[PDB]
Each structure stands twice: as structure tokens, then as C-alpha cells.
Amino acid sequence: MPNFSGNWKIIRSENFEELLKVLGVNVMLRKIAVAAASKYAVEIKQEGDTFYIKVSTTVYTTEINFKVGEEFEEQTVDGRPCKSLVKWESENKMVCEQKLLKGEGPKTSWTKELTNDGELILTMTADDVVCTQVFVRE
């Protein structure tokens, strides 16, 4: 039945550069990351509380597996290892809070939401700054 499961292709990406900036990515790389971000695809397999997610661009791909409620390890957007915990927020929104394994750094989090008109909305936060990316079904 229609849920988060499927194959998504980004259609819009607001605030990406500003986010990477908070994470101390230099300008040339930020510019390249913005370019790479327009080929963000996401594959989601969802069964109940349980999530498989492949995010990729042209040259890079990552997979996460999580169950809502259960702690799991992943990377932040700037690729630092962190412990992550996802909770539902309503029927079709989950929110994930992160804490770093080693080190100090910015407060990061992310959210995924299925909208009523069939878009997948992703937000990623670093302190005061919130990136938003919209996807549609491949």
C-alpha cells in the first residue's frame, strides 16, 4: 500500500549551501556539493516501523537501515559518525535527532515527510539553518 516506500528523484533543494557552510565546508566544495545535489535519488523500502533507505548522487551512495524508536549509527551531512534516533511526529512524518560519536560540533537533525499530494519532503538542520529538499516518485 502507498507509504514512504519507493524511488524518489529530487525536484527542489533550498538552503543546501548555507547548511554546508554551518558545517565548515569551504566555498569551492560547497559549490560542487550543490551541483551534485541535483542528482539526489532516494530509494525507500518501508515495512511497519522498519526502514531501508539508499541515498545516492552520480558518484556516491549510502544505505541506512533503522527501526523507529531504535538507536542506530549513521553519518551527519558533513560525514561525521553520529548516533541517531527516529520518532514519528504524525502519520507521515518522522524526525531524527543526532548526537556525535566523537568530538564537538553543530546540533544536527533531519526529517522526512510524505505530503498529501505525494511528494517526499526532507529537511536537514544544523543549528539555526534548515535545508529542505522535495522529491517526487521516479
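Start at 1 and count along the sequence shown; that's the residue number.
Item to complete: Taking the mean of the C-alpha B-factors per stretch from the entry, tell me the winner out of 30 to 38 and 70 to 78.
Response: The deposited B-factors put 70 to 78 ahead on the C-alpha mean.
Worksheet item: With respect to the recorded C-alpha B factors, which stretch has the higher mean value, 95 to 103 or 54 to 62?
Response: According to the PDB entry, the answer is 95 to 103.
Discussion item. Which third, lowest, middle or highest, does the C-alpha temperature factor of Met1 belong to within its own chain?
Written reply: Highest third, going by the recorded CA B-factors of the chain.
Worksheet item: Looking at the C-alpha B-factor of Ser13, is it in the lowest, middle or highest third of its chain?
Response: It falls in the middle third of the chain.
Discussion item. Split into thirds by Cα B-factor across the chain's modelled residues, where does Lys83 land: lowest, middle or highest?
Written reply: CA B-factor rank for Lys83: highest third.
Practice prompt. Going by the recorded CA B-factors, say which third of the chain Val129 sits in, lowest, middle or highest.
Written response: Highest third, going by the recorded CA B-factors of the chain.
Worksheet item: What third of its chain's C-alpha B-factors does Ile121 belong to: lowest, middle or highest?
Response: Ranked within chain, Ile121 CA B lands in the lowest tercile.
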